[PDB]
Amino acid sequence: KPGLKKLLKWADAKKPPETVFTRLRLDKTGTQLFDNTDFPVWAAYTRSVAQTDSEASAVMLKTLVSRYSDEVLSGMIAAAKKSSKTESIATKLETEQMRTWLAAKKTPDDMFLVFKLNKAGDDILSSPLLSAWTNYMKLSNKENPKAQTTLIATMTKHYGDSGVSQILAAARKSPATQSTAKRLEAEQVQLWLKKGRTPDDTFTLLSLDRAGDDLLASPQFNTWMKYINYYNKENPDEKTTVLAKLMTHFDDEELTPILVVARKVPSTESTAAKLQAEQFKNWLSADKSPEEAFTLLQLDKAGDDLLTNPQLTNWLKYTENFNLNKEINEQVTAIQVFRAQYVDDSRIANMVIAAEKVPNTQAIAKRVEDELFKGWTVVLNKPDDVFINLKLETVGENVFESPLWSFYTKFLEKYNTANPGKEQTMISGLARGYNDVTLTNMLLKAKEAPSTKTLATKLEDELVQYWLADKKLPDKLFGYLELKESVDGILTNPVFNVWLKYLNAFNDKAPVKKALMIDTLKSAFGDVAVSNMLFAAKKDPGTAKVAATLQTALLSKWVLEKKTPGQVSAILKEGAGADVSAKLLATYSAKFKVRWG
């Protein structure tokens, strides 16, 4: 508010513009002096007493560096320059303060720390002094062509390469900084390439050593991978792979667990997957075995959740890739790997069973089941071999409704459908695992239960056929069924009726001679024992008929071996009342004079 001429007289005096600055109350204006009416008049006055714009500016700045630190005045010119009407003002002052900075021979790095850009961390790309700093850099590169610098390099000098990457990753998510953030992630790569930094170098340079095993999660791990990619495209004759450079810091035994764990985690899934694909290829080329591959992938620790382990499908396809065209049993197949771990297939089979109940594991289940059937077929297992493999000889009474039963029966189908001449029946497995006495009782007991009756009855008959095919002398079967141990109550013994059925079948196919039942009885128990038994079983419905025909047969045998009415009498007195014994003797001697004669 001096008013027009008053300063004109202070301008014809050539008064120092310092005193005018003080007389216009610009001391307590602070940092919001960017403009406060007044300043345009005071500038006008400094231009008045000076003879060139440069010197006018130089004097203003001599007033200002007394009051403001280089930082704060640089920021005031920053916010100042933005506004219209402060633009060609603060360009003349920024001009001036920079040629002072070069007079003072202060490097752009010096200025970098005078501003506090080495402190601004992630928000550096937003500092109002960044653009001011790069102005002073541009000029300093014009005037010191020997010793230039670039934003990215200066930034690397203080924060370090890890820290610079961290800042650029951060400044990429917010969208005002994103453009420059990308441009400088590129200049970071360019600078590394120019120094001939390799991937080995950049690994540590990005400090992926630190954090150890957690390294795929680190966000400079993606920076390191892109850098390998760039180096590959700039050096086609020493091309390497991320996996290649990884196997220098980790051997397979710890690298593969790291990948397995990472593949689960969704945020690292793609990275893990990419690396796993190369690992498999390496293994395939070296013909590393599916047993080693099963352990490397930790499958040997899955216990009973094997089929829900996300590396199972991998390991299966690895195994089939290796063995395809290696065909000629120098193969190593999935069932052999299973057998190195379990001592029989039942544990896998059970897993299959459990897995086919749940709908999202029915694919892998069917896949494993097929390997089981493949392996069984190739080593030439007949179905009774599979029965043993399936451990069905250790279930006892329970076999027919152990869940593995279906497995066995399916194989028996899938086998015979592929094998016409020597086709086998369901009982072959059971015969293979059970005794004969044991197998019969089991079937007899399965006949009580309505749920197992039909099948039990089918198996009874097939067992008869299996004893025929084996050409089993009925007498010896009678031994095996423990029917010799007592004559008492033998026609009520259900085992015995089983043996009776087998007898009739063995006679129905006509051999050299009939196998006679009364012969087996007499052999095991002797004449009187058998006669007495028969007297008892006749006085007794439900055995009456069979006992009648066996009594007839006994007499016939006696007649044939020419046993005299005296000797027969003697026997019969041992086993009936005198009225019954005298009567049967009548019959016998009648049928003995008809023959001798």
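For every residue, the number given is its place in the sequence shown, counted from 1.
S.K.: Of 146-154 and 206-214, which one has the bigger average CA B-factor?
M.R.: According to the entry, 206-214 carries the higher average C-alpha B-factor.
S.K.: Mind pulling up the entry and telling me whether 397-405 or 121-129 has the higher mean Cα temperature factor?
M.R.: Looking at the record's C-alpha B-factors, the answer is 121-129.
S.K.: Out of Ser523, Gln190, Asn416, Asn493, whose C-alpha atom has the biggest B factor in the entry?
M.R.: The record points to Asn416.
S.K.: Using the temperature factors in the entry, find which of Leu324, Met351, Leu296, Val261 has the highest value at its Cα atom.
M.R.: So the option with the highest C-alpha B-factor is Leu324.
S.K.: Quick check for you: using the entry's CA B-factors within this chain, is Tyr45 in the lowest, middle or highest third?
M.R.: It belongs to the highest third of the chain when residues are ordered by C-alpha B-factor.
S.K.: Among the modelled residues of this chain, does the Cα B factor of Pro236 put it in the lowest, middle or highest third?
M.R.: Middle third, going by the recorded CA B-factors of the chain.
S.K.: Report the third (lowest, middle or highest) to which the CA temperature factor of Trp558 belongs, ranking only the modelled residues of the same chain.
M.R.: For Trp558, the deposited C-alpha B-factor lands in the middle third.
S.K.: Ranking every modelled residue in this chain by its Cα temperature factor as given in the entry, which third contains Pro219?
M.R.: CA B-factor rank for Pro219: highest third.
S.K.: Sort the modelled residues of this chain by their C-alpha B factor and say whether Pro359 lands in the lowest, middle or highest third.
M.R.: For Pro359, whose C-alpha B-factor we compare with every modelled residue in the chain, the answer is the middle third.
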